[PDB]
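> Data: protein-v5.cif, mmCIF, C-alpha atoms.
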```
data_start
#
loop_
_atom_site.label_atom_id
_atom_site.label_comp_id
_atom_site.auth_asym_id
_atom_site.auth_seq_id
_atom_site.Cartn_x
_atom_site.Cartn_y
_atom_site.Cartn_z
CA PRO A 1 8.36 5.52 3.26
CA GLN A 2 4.76 4.81 2.16
CA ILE A 3 2.93 7.68 0.45
CA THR A 4 -0.71 8.46 -0.30
CA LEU A 5 -2.08 9.98 -3.48
CA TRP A 6 -4.32 12.76 -2.13
CA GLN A 7 -1.92 15.23 -3.72
CA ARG A 8 0.97 14.90 -6.16
CA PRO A 9 3.62 12.40 -5.22
CA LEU A 10 6.75 14.53 -4.87
CA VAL A 11 9.82 13.36 -2.92
CA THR A 12 13.44 14.53 -2.65
CA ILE A 13 16.30 13.20 -4.74
CA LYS A 14 20.07 13.25 -4.85
CA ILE A 15 21.93 13.14 -8.15
CA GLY A 16 25.62 13.75 -7.37
CA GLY A 17 25.52 15.82 -4.18
CA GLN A 18 22.61 17.91 -5.45
CA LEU A 19 19.40 17.68 -3.40
CA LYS A 20 16.37 17.56 -5.75
CA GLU A 21 12.63 16.87 -5.98
CA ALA A 22 10.54 14.65 -8.27
CA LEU A 23 7.34 12.79 -9.05
CA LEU A 24 7.14 9.06 -8.12
CA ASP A 25 5.48 8.31 -11.50
CA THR A 26 4.11 4.82 -12.15
CA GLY A 27 3.02 5.81 -15.70
CA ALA A 28 6.46 6.58 -17.03
CA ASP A 29 8.97 4.21 -18.59
CA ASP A 30 11.99 6.47 -18.45
CA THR A 31 13.38 8.74 -15.72
CA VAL A 32 14.12 12.32 -16.85
CA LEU A 33 15.45 15.27 -14.90
CA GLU A 34 16.61 18.84 -14.46
CA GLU A 35 19.45 20.13 -16.60
CA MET A 36 22.38 19.54 -14.23
CA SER A 37 25.92 18.58 -15.31
CA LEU A 38 26.69 14.92 -14.91
CA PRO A 39 30.22 13.57 -14.71
CA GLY A 40 29.75 10.72 -17.24
CA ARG A 41 29.24 9.70 -20.85
CA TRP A 42 26.07 10.43 -22.73
CA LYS A 43 24.09 9.11 -25.67
CA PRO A 44 21.75 11.52 -27.48
CA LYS A 45 18.13 10.35 -27.09
CA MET A 46 14.78 12.05 -27.80
CA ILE A 47 11.51 12.51 -25.89
CA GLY A 48 8.40 14.68 -26.37
CA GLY A 49 5.35 16.41 -24.89
CA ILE A 50 2.99 19.12 -26.19
CA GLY A 51 4.88 20.09 -29.37
CA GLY A 52 6.71 16.81 -29.05
CA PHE A 53 10.19 16.21 -30.24
CA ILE A 54 12.50 17.74 -27.66
CA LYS A 55 16.14 16.33 -27.63
CA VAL A 56 17.41 14.81 -24.35
CA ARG A 57 20.77 13.55 -23.04
CA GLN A 58 20.83 9.99 -21.73
CA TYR A 59 23.23 9.02 -18.91
CA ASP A 60 23.92 5.37 -18.15
CA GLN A 61 24.65 4.01 -14.72
CA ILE A 62 23.86 7.02 -12.58
CA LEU A 63 23.37 6.42 -8.88
CA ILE A 64 20.21 8.31 -7.88
CA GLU A 65 19.48 8.47 -4.14
CA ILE A 66 15.73 8.72 -3.53
CA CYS A 67 13.89 9.09 -0.24
CA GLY A 68 16.75 7.49 1.65
CA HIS A 69 17.21 4.70 -0.85
CA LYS A 70 20.36 4.28 -2.88
CA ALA A 71 19.64 3.14 -6.45
CA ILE A 72 21.63 3.23 -9.67
CA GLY A 73 20.39 2.89 -13.28
CA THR A 74 19.85 5.29 -16.19
CA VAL A 75 18.63 8.87 -15.77
CA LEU A 76 17.83 11.22 -18.72
CA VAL A 77 18.61 14.95 -18.81
CA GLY A 78 17.24 17.88 -20.77
CA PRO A 79 14.84 20.81 -20.79
CA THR A 80 12.01 19.35 -18.71
CA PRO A 81 9.67 21.24 -16.37
CA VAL A 82 9.66 18.44 -13.86
CA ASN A 83 11.92 15.75 -12.53
CA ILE A 84 10.04 12.48 -13.06
CA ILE A 85 10.87 9.06 -11.67
CA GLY A 86 9.93 6.42 -14.17
CA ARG A 87 9.31 2.72 -13.70
CA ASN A 88 13.03 1.98 -14.09
CA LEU A 89 13.69 3.40 -10.66
CA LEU A 90 10.54 2.66 -8.58
CA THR A 91 11.21 -0.84 -9.92
CA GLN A 92 14.59 -0.79 -8.15
CA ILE A 93 13.68 0.86 -4.84
CA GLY A 94 11.38 -2.12 -4.36
CA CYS A 95 8.40 0.19 -4.89
CA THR A 96 4.94 -1.39 -5.09
CA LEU A 97 1.35 -0.12 -5.44
CA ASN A 98 -1.19 -0.91 -2.75
CA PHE A 99 -4.97 -0.84 -2.71
CA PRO B 1 -4.63 -6.05 -4.98
CA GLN B 2 -1.01 -4.89 -4.55
CA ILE B 3 1.01 -4.47 -7.76
CA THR B 4 4.72 -4.21 -8.56
CA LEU B 5 6.32 -1.91 -11.10
CA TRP B 6 8.58 -4.31 -13.03
CA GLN B 7 6.36 -3.70 -16.05
CA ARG B 8 3.59 -1.21 -16.82
CA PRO B 9 0.81 -1.03 -14.31
CA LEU B 10 -2.26 -2.05 -16.31
CA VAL B 11 -5.47 -3.29 -14.66
CA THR B 12 -9.05 -3.86 -15.83
CA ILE B 13 -11.84 -1.32 -15.55
CA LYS B 14 -15.60 -1.09 -15.84
CA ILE B 15 -17.28 2.06 -17.10
CA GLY B 16 -20.98 1.24 -17.57
CA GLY B 17 -20.98 -2.50 -18.25
CA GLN B 18 -17.93 -2.24 -20.51
CA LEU B 19 -14.85 -4.15 -19.35
CA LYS B 20 -11.70 -2.05 -19.96
CA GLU B 21 -7.98 -1.70 -19.22
CA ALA B 22 -5.85 1.18 -17.92
CA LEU B 23 -2.68 2.50 -16.33
CA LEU B 24 -2.67 3.06 -12.52
CA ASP B 25 -0.86 6.41 -13.02
CA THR B 26 0.42 8.29 -9.98
CA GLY B 27 1.73 11.15 -12.18
CA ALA B 28 -1.60 12.21 -13.58
CA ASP B 29 -4.11 14.64 -12.13
CA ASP B 30 -7.04 13.76 -14.32
CA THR B 31 -8.49 10.42 -15.45
CA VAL B 32 -9.04 10.12 -19.23
CA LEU B 33 -10.37 7.24 -21.28
CA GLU B 34 -11.42 5.51 -24.47
CA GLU B 35 -14.09 7.10 -26.64
CA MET B 36 -17.16 5.24 -25.35
CA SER B 37 -20.68 6.74 -25.06
CA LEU B 38 -21.60 7.79 -21.57
CA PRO B 39 -25.17 8.25 -20.44
CA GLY B 40 -24.68 11.67 -18.75
CA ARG B 41 -24.01 15.37 -19.16
CA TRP B 42 -20.71 16.71 -20.37
CA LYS B 43 -18.62 19.85 -20.16
CA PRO B 44 -16.11 20.52 -22.95
CA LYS B 45 -12.55 20.47 -21.53
CA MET B 46 -9.12 20.36 -23.19
CA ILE B 47 -5.94 18.30 -22.70
CA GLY B 48 -2.73 17.80 -24.72
CA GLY B 49 0.30 15.66 -25.59
CA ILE B 50 2.82 15.74 -28.46
CA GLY B 51 1.15 18.37 -30.66
CA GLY B 52 -0.82 19.40 -27.61
CA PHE B 53 -4.25 20.85 -27.70
CA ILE B 54 -6.64 17.98 -28.26
CA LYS B 55 -10.32 18.62 -27.15
CA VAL B 56 -11.83 16.21 -24.56
CA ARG B 57 -15.29 15.60 -23.08
CA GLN B 58 -15.56 15.76 -19.31
CA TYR B 59 -18.14 13.62 -17.46
CA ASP B 60 -19.00 14.34 -13.84
CA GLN B 61 -19.97 11.72 -11.32
CA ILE B 62 -19.19 8.57 -13.24
CA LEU B 63 -18.92 5.36 -11.25
CA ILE B 64 -15.75 3.60 -12.44
CA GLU B 65 -15.22 0.06 -11.13
CA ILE B 66 -11.50 -0.73 -10.93
CA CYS B 67 -9.83 -3.98 -9.91
CA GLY B 68 -12.85 -5.01 -7.87
CA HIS B 69 -13.27 -1.62 -6.27
CA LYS B 70 -16.32 0.53 -6.83
CA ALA B 71 -15.44 4.24 -7.09
CA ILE B 72 -17.25 7.25 -8.51
CA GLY B 73 -15.84 10.66 -9.50
CA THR B 74 -15.05 12.41 -12.80
CA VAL B 75 -13.73 10.61 -15.88
CA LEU B 76 -12.68 12.41 -19.13
CA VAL B 77 -13.32 11.09 -22.65
CA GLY B 78 -11.73 11.73 -26.02
CA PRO B 79 -9.23 10.54 -28.61
CA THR B 80 -6.58 9.07 -26.31
CA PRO B 81 -4.30 6.10 -27.04
CA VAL B 82 -4.53 4.86 -23.50
CA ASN B 83 -6.96 4.74 -20.63
CA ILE B 84 -5.17 6.42 -17.71
CA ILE B 85 -6.20 6.47 -14.07
CA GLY B 86 -5.22 9.75 -12.54
CA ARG B 87 -4.76 10.72 -8.90
CA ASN B 88 -8.48 11.50 -8.57
CA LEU B 89 -9.27 7.81 -8.62
CA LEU B 90 -6.26 6.06 -6.97
CA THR B 91 -6.99 8.66 -4.28
CA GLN B 92 -10.45 7.13 -3.84
CA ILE B 93 -9.67 3.41 -4.05
CA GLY B 94 -7.51 4.03 -1.00
CA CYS B 95 -4.42 3.52 -3.16
CA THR B 96 -1.01 4.18 -1.60
CA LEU B 97 2.63 3.89 -2.71
CA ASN B 98 4.99 1.62 -0.82
CA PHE B 99 8.77 1.42 -0.66
#
```
Is it possible to give me this structure as structure tokens?

Amino acid sequence: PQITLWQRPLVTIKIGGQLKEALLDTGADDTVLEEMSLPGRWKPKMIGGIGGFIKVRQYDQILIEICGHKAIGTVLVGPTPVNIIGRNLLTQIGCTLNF
Amino acid sequence: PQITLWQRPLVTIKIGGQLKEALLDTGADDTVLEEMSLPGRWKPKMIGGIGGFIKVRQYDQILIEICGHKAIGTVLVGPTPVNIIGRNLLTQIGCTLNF
């Protein structure tokens, strides 16, 4: 699927059964999501944004399924407003930018 | 020019003679840049990020030239670390996302 930018790039995800929705963000390095319970092992990590230093919960080889495409790699969890798909993932779904 | 996401999407800009460099960001709504002096009329506007409420200086029909492509539309100026090309612009250079 090829998508235009006339309005916010939001597609559906799957993180362990759970259908979801996020931003295909080419300005992010990490991928962070909605507080859902992951079967797995975590490593405390920290992010920020308007106030800053919010504590997140890094997961390591999580298989995210995005817009039909399987893809594994790290995903970060914690109190975020929006699911955001960093570089890490677009990188791996073959995703490229076209003008 | 078509660009991959294996590493931060940074291209060169032109804002009134001045060669520059920014992020082709599909997760931003506005376009904000480096404190350079624009011939034009401004409207005080406000943004934020890690601490938040930083005051910026909105410009209105500024012709940004990006990666060979002419394109006009608003550009925002103020103490930012990085030049960032919002939706507003990618929108207008015909820019699309491809996987």
> Find the nearest atom pair between each residue of chain A and chain B for residues within 10 Å, count all atoms listed in the file, give distances in Å to one decimal, sort rows by chain and ascending number, and present the table as a tab-separated table.

```
residue	atom	partner	partner_atom	distance
A:1	CA	B:99	CA	5.7
A:2	CA	B:98	CA	4.4
A:3	CA	B:97	CA	4.9
A:4	CA	B:96	CA	4.5
A:5	CA	B:91	CA	5.1
A:6	CA	B:91	CA	5.3
A:7	CA	B:87	CA	7.4
A:8	CA	B:27	CA	7.1
A:9	CA	B:26	CA	7.1
A:10	CA	B:27	CA	9.5
A:23	CA	B:27	CA	6.6
A:24	CA	B:26	CA	7.0
A:25	CA	B:27	CA	4.8
A:26	CA	B:25	CA	5.3
A:27	CA	B:25	CA	4.8
A:28	CA	B:27	CA	8.2
A:29	CA	B:8	CA	7.8
A:47	CA	B:50	CA	9.6
A:48	CA	B:50	CA	6.1
A:49	CA	B:50	CA	4.4
A:50	CA	B:50	CA	4.1
A:51	CA	B:51	CA	4.3
A:52	CA	B:50	CA	4.1
A:53	CA	B:50	CA	7.6
A:54	CA	B:50	CA	9.9
A:67	CA	B:99	CA	9.2
A:69	CA	B:99	CA	9.1
A:84	CA	B:27	CA	8.5
A:85	CA	B:27	CA	9.4
A:86	CA	B:5	CA	9.6
A:87	CA	B:5	CA	6.1
A:88	CA	B:6	CA	7.8
A:89	CA	B:5	CA	9.1
A:90	CA	B:5	CA	6.7
A:91	CA	B:5	CA	5.1
A:92	CA	B:6	CA	8.5
A:93	CA	B:99	CA	6.5
A:94	CA	B:99	CA	5.7
A:95	CA	B:99	CA	4.4
A:96	CA	B:4	CA	4.5
A:97	CA	B:3	CA	4.9
A:98	CA	B:2	CA	4.4
A:99	CA	B:95	CA	4.4
```
> Determine the nearest neighbour of residue 19 in chain B from the options B:31, B:83, B:74, B:58, counting only C-alpha atoms.
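The shortest atom-to-atom distance to residue 19 in chain B comes from B:83.
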> Produce the least-squares-superposed copy of chain A, fitted on chain B over all in-order C-alpha pairs, as a CSV table (one decimal) with C-alpha atoms, keeping the file's coordinate frame.

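This is the output file selection.csv:
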```csv
chain,number,residue,atom,x,y,z
A,1,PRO,CA,-4.6,-6.0,-5.0
A,2,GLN,CA,-1.0,-4.9,-4.6
A,3,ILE,CA,1.0,-4.5,-7.8
A,4,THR,CA,4.7,-4.2,-8.6
A,5,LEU,CA,6.3,-1.9,-11.1
A,6,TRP,CA,8.6,-4.3,-13.0
A,7,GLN,CA,6.4,-3.7,-16.0
A,8,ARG,CA,3.6,-1.2,-16.8
A,9,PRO,CA,0.8,-1.0,-14.3
A,10,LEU,CA,-2.3,-2.0,-16.3
A,11,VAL,CA,-5.5,-3.3,-14.7
A,12,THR,CA,-9.1,-3.9,-15.8
A,13,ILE,CA,-11.8,-1.3,-15.6
A,14,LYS,CA,-15.6,-1.1,-15.8
A,15,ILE,CA,-17.3,2.1,-17.1
A,16,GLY,CA,-21.0,1.2,-17.6
A,17,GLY,CA,-21.0,-2.5,-18.3
A,18,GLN,CA,-17.9,-2.2,-20.5
A,19,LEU,CA,-14.8,-4.2,-19.3
A,20,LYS,CA,-11.7,-2.0,-20.0
A,21,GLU,CA,-8.0,-1.7,-19.2
A,22,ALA,CA,-5.8,1.2,-17.9
A,23,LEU,CA,-2.7,2.5,-16.3
A,24,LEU,CA,-2.7,3.1,-12.5
A,25,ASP,CA,-0.9,6.4,-13.0
A,26,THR,CA,0.4,8.3,-10.0
A,27,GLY,CA,1.7,11.2,-12.2
A,28,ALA,CA,-1.6,12.2,-13.6
A,29,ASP,CA,-4.1,14.6,-12.1
A,30,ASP,CA,-7.0,13.8,-14.3
A,31,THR,CA,-8.5,10.4,-15.5
A,32,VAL,CA,-9.0,10.1,-19.2
A,33,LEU,CA,-10.4,7.2,-21.3
A,34,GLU,CA,-11.4,5.5,-24.5
A,35,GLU,CA,-14.1,7.1,-26.6
A,36,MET,CA,-17.2,5.2,-25.3
A,37,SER,CA,-20.7,6.7,-25.1
A,38,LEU,CA,-21.6,7.8,-21.6
A,39,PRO,CA,-25.2,8.3,-20.4
A,40,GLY,CA,-24.7,11.7,-18.7
A,41,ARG,CA,-24.0,15.4,-19.2
A,42,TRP,CA,-20.7,16.7,-20.4
A,43,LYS,CA,-18.6,19.9,-20.2
A,44,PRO,CA,-16.1,20.5,-23.0
A,45,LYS,CA,-12.6,20.5,-21.5
A,46,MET,CA,-9.1,20.4,-23.2
A,47,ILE,CA,-5.9,18.3,-22.7
A,48,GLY,CA,-2.7,17.8,-24.7
A,49,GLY,CA,0.3,15.7,-25.6
A,50,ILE,CA,2.8,15.7,-28.5
A,51,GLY,CA,1.1,18.4,-30.7
A,52,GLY,CA,-0.8,19.4,-27.6
A,53,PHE,CA,-4.3,20.9,-27.7
A,54,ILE,CA,-6.6,18.0,-28.3
A,55,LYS,CA,-10.3,18.6,-27.1
A,56,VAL,CA,-11.8,16.2,-24.6
A,57,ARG,CA,-15.3,15.6,-23.1
A,58,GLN,CA,-15.6,15.8,-19.3
A,59,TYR,CA,-18.1,13.6,-17.5
A,60,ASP,CA,-19.0,14.3,-13.8
A,61,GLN,CA,-20.0,11.7,-11.3
A,62,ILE,CA,-19.2,8.6,-13.2
A,63,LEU,CA,-18.9,5.4,-11.3
A,64,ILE,CA,-15.8,3.6,-12.4
A,65,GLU,CA,-15.2,0.1,-11.1
A,66,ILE,CA,-11.5,-0.7,-10.9
A,67,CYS,CA,-9.8,-4.0,-9.9
A,68,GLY,CA,-12.8,-5.0,-7.9
A,69,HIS,CA,-13.3,-1.6,-6.3
A,70,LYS,CA,-16.3,0.5,-6.8
A,71,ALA,CA,-15.4,4.2,-7.1
A,72,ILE,CA,-17.3,7.2,-8.5
A,73,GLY,CA,-15.8,10.7,-9.5
A,74,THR,CA,-15.0,12.4,-12.8
A,75,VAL,CA,-13.7,10.6,-15.9
A,76,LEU,CA,-12.7,12.4,-19.1
A,77,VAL,CA,-13.3,11.1,-22.6
A,78,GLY,CA,-11.7,11.7,-26.0
A,79,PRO,CA,-9.2,10.5,-28.6
A,80,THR,CA,-6.6,9.1,-26.3
A,81,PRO,CA,-4.3,6.1,-27.0
A,82,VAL,CA,-4.5,4.9,-23.5
A,83,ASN,CA,-7.0,4.7,-20.6
A,84,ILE,CA,-5.2,6.4,-17.7
A,85,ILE,CA,-6.2,6.5,-14.1
A,86,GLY,CA,-5.2,9.8,-12.5
A,87,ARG,CA,-4.8,10.7,-8.9
A,88,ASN,CA,-8.5,11.5,-8.6
A,89,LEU,CA,-9.3,7.8,-8.6
A,90,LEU,CA,-6.3,6.1,-7.0
A,91,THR,CA,-7.0,8.7,-4.3
A,92,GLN,CA,-10.5,7.1,-3.8
A,93,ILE,CA,-9.7,3.4,-4.1
A,94,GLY,CA,-7.5,4.0,-1.0
A,95,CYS,CA,-4.4,3.5,-3.2
A,96,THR,CA,-1.0,4.2,-1.6
A,97,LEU,CA,2.6,3.9,-2.7
A,98,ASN,CA,5.0,1.6,-0.8
A,99,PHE,CA,8.8,1.4,-0.7
```
> Please evaluate the PyMOL selection byres ((chain B and resi 17) around 12) against the displayed coordinates and give the resulting residues as a ChimeraX atom specification.
/B:13-16,18-20,36-39,63-65
> Generate N, CA, C and O atoms for range 74-89 of chain A and emit them as an mmCIF file, in the coordinates of the input.

```cif
data_model
loop_
_atom_site.group_PDB
_atom_site.id
_atom_site.type_symbol
_atom_site.label_atom_id
_atom_site.label_comp_id
_atom_site.auth_asym_id
_atom_site.auth_seq_id
_atom_site.Cartn_x
_atom_site.Cartn_y
_atom_site.Cartn_z
ATOM 1 N N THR A 74 19.861 4.123 -15.304
ATOM 2 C CA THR A 74 19.850 5.290 -16.190
ATOM 3 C C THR A 74 18.955 6.404 -15.694
ATOM 4 O O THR A 74 17.984 6.165 -14.972
ATOM 5 N N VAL A 75 19.310 7.601 -16.054
ATOM 6 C CA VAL A 75 18.630 8.870 -15.770
ATOM 7 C C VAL A 75 18.761 9.702 -17.062
ATOM 8 O O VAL A 75 19.799 9.557 -17.713
ATOM 9 N N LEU A 76 17.768 10.440 -17.439
ATOM 10 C CA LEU A 76 17.830 11.220 -18.720
ATOM 11 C C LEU A 76 17.777 12.707 -18.419
ATOM 12 O O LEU A 76 16.971 13.126 -17.583
ATOM 13 N N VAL A 77 18.584 13.513 -19.085
ATOM 14 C CA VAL A 77 18.610 14.950 -18.810
ATOM 15 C C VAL A 77 18.271 15.832 -19.950
ATOM 16 O O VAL A 77 18.514 15.558 -21.129
ATOM 17 N N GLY A 78 17.625 16.979 -19.661
ATOM 18 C CA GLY A 78 17.240 17.880 -20.770
ATOM 19 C C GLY A 78 16.197 18.871 -20.305
ATOM 20 O O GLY A 78 15.751 18.829 -19.160
ATOM 21 N N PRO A 79 15.813 19.802 -21.178
ATOM 22 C CA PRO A 79 14.840 20.810 -20.790
ATOM 23 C C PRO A 79 13.486 20.215 -20.460
ATOM 24 O O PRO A 79 12.635 20.085 -21.347
ATOM 25 N N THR A 80 13.289 19.872 -19.204
ATOM 26 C CA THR A 80 12.010 19.350 -18.710
ATOM 27 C C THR A 80 11.478 20.344 -17.667
ATOM 28 O O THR A 80 12.256 21.075 -17.070
ATOM 29 N N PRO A 81 10.187 20.332 -17.437
ATOM 30 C CA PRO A 81 9.670 21.240 -16.370
ATOM 31 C C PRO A 81 9.940 20.525 -15.037
ATOM 32 O O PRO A 81 10.468 21.078 -14.105
ATOM 33 N N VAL A 82 9.573 19.237 -15.041
ATOM 34 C CA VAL A 82 9.660 18.440 -13.860
ATOM 35 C C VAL A 82 10.466 17.201 -13.848
ATOM 36 O O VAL A 82 10.444 16.349 -14.723
ATOM 37 N N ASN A 83 11.161 17.011 -12.705
ATOM 38 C CA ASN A 83 11.920 15.750 -12.530
ATOM 39 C C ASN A 83 10.859 14.642 -12.409
ATOM 40 O O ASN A 83 9.845 14.883 -11.765
ATOM 41 N N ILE A 84 11.065 13.559 -13.108
ATOM 42 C CA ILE A 84 10.040 12.480 -13.060
ATOM 43 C C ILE A 84 10.718 11.143 -12.877
ATOM 44 O O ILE A 84 11.658 10.815 -13.603
ATOM 45 N N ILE A 85 10.284 10.361 -11.889
ATOM 46 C CA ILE A 85 10.870 9.060 -11.670
ATOM 47 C C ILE A 85 10.133 7.928 -12.290
ATOM 48 O O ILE A 85 9.116 7.447 -11.786
ATOM 49 N N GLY A 86 10.606 7.485 -13.460
ATOM 50 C CA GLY A 86 9.930 6.420 -14.170
ATOM 51 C C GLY A 86 9.891 5.112 -13.371
ATOM 52 O O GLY A 86 10.255 5.059 -12.202
ATOM 53 N N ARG A 87 9.439 4.116 -14.072
ATOM 54 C CA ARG A 87 9.310 2.720 -13.700
ATOM 55 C C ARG A 87 10.721 2.225 -13.288
ATOM 56 O O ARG A 87 10.878 1.786 -12.170
ATOM 57 N N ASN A 88 11.660 2.364 -14.187
ATOM 58 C CA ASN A 88 13.030 1.980 -14.090
ATOM 59 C C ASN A 88 13.608 2.031 -12.692
ATOM 60 O O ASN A 88 14.228 1.078 -12.240
ATOM 61 N N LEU A 89 13.273 3.105 -12.001
ATOM 62 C CA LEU A 89 13.690 3.400 -10.660
ATOM 63 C C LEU A 89 12.775 2.881 -9.577
ATOM 64 O O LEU A 89 13.270 2.220 -8.649
#
```
